[PDB]
Number of protein chains: 2
Amino acid sequence: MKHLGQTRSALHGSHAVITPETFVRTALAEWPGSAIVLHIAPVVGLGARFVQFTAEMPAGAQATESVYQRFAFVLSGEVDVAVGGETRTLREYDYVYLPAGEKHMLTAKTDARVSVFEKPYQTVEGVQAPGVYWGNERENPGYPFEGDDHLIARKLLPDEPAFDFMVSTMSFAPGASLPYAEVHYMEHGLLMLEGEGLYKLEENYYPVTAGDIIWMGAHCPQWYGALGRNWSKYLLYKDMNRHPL
Amino acid sequence: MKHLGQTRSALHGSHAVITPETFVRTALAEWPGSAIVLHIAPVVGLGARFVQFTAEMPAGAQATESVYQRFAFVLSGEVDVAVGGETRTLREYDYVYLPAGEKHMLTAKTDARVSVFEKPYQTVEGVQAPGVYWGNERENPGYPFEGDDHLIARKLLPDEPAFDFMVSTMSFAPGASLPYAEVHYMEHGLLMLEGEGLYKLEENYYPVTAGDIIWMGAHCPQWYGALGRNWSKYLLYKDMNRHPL
């Protein structure tokens, strides 16, 4: 019933549930030839300080650096990431963190989809910005969230003060759920990678599946429960290590 | 925190979630020495056509027949049922269907808790009222609901046109859920026996656990999703086999 206005999407002051049928393809100067679905922009509800979008890259397309930090996570296909002198071919669940300004190129070796977080860097007087960082979600042997072995967390980026943010994945066995509703000053940006369940944000519960994007404003009560026969997995962004003032 | 008005209970025109901390003990003529918690009565919101309550029987307590049909289901303890010329001890998950008027006595061998469904009997012309019937929830190896082996339904009373109603159990594996939201004329008397999860009634989602009672009004959209590590299981009541007019 999409053509009569029905959707699972919703927009609120401090959160938004963005589902695939509502997607709108636009474009970005640094991503010539690719289709861009910009899910979270600084202009959502009460405010956001980053952007999350997925780049649908046709085989052969090239994308170069922007003025911001760039975290690219390959959802499908194969993407060659060429930095200085060295270049690697990324496949499903491989990712790269590129410092703001780092000259580089992304080439789609085959039709691909890449999840991207872009954020400006908040320097710290005596700290040097982190260099390029590569990684694979699956090689990472996460930790039981808060002792729970049915909720595996995997920090994809070094948990160090030099970093501006963090990107991690949360995997829930069927029936598993966050220990409690979280309420913290860090805002979230998420993409449902695998599975389905009910996500609680403020007073409402939302049915969500792989493919959905969620914006969680600062201090937004948030909880999740995984349903179905498969494990749920979602990619998560959250600003970190900087004084809120 | 209940002393400042906090509870997971909620009352509505077509549905209600009733939690253990809100229970009020009362008494019934046929249940001398026992405490009765009348959960659902014909006066709930828009109306009910039966009564659901639990009896907390102290060892030694004896209860006799009422003028209505009585379906007793043992939650804990042991209860002797003396009907016809025989007597049987009932323990956890043992139940008995007693025709309206049938003389009988329920004696508690030990402190017991009994879930009871009572209601008048609607006679059809060429249909003789059914006789006493015994069973045990676990004996009954149910059937996969919609062909889903993680959703086992167990009919506790024979599914014949002679019966005025039906009692059954719905069991869910940690990640299971009803395949679709249900909407039907027949009302519901629900008692959570095992597990926990989220019950959607109309437009809201309610977190519930073993112990919780739920009243679903006619045509009340309903759905359930099981969470946690254990299976969920709930006792269900619903009138059947009679023309609504």
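The figures here come from the full heavy-atom set of this structure, side chains too, leaving out hydrogens, waters and symmetry mates. In what follows, chains carry the letters A, B, and so on, assigned in the order in which the sequence lines appear, proteins first and then strands, with residues in each chain numbered from 1.
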* Check ion pair A:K238-A:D159 (N to O, under 4.0 angstrom) -> no
* **Point-to-point distance, once rounded to the nearest 0.5 Å, from OH of B:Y234 to OG of B:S168** => 8.0 Å
* For the pair A:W223 (side chain) and A:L178 (backbone), establish whether a donor and an acceptor sit closer than 3.5 Å, ignoring hydrogens and angles. => yes
* How about A:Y237 and A:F50: are their ring centres within less than 6.0 Å of each other? -> yes
* Ring centroid separation B:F145 to B:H150 under 6.0 Å -> no
* Can you name the closest pair of heavy atoms from B:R49 and B:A218 and give their distance? -> NH1-CB, 4.4 Å
* Check each atom of A:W231 against the heavy atoms of chain B and say whether the ones under 4.5 Å are side chain, backbone, both or neither. => neither
* **Per-residue contacts, residues 198-205 of chain A versus chain B, heavy atoms under 4.5 Å** => A:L198, A:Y205
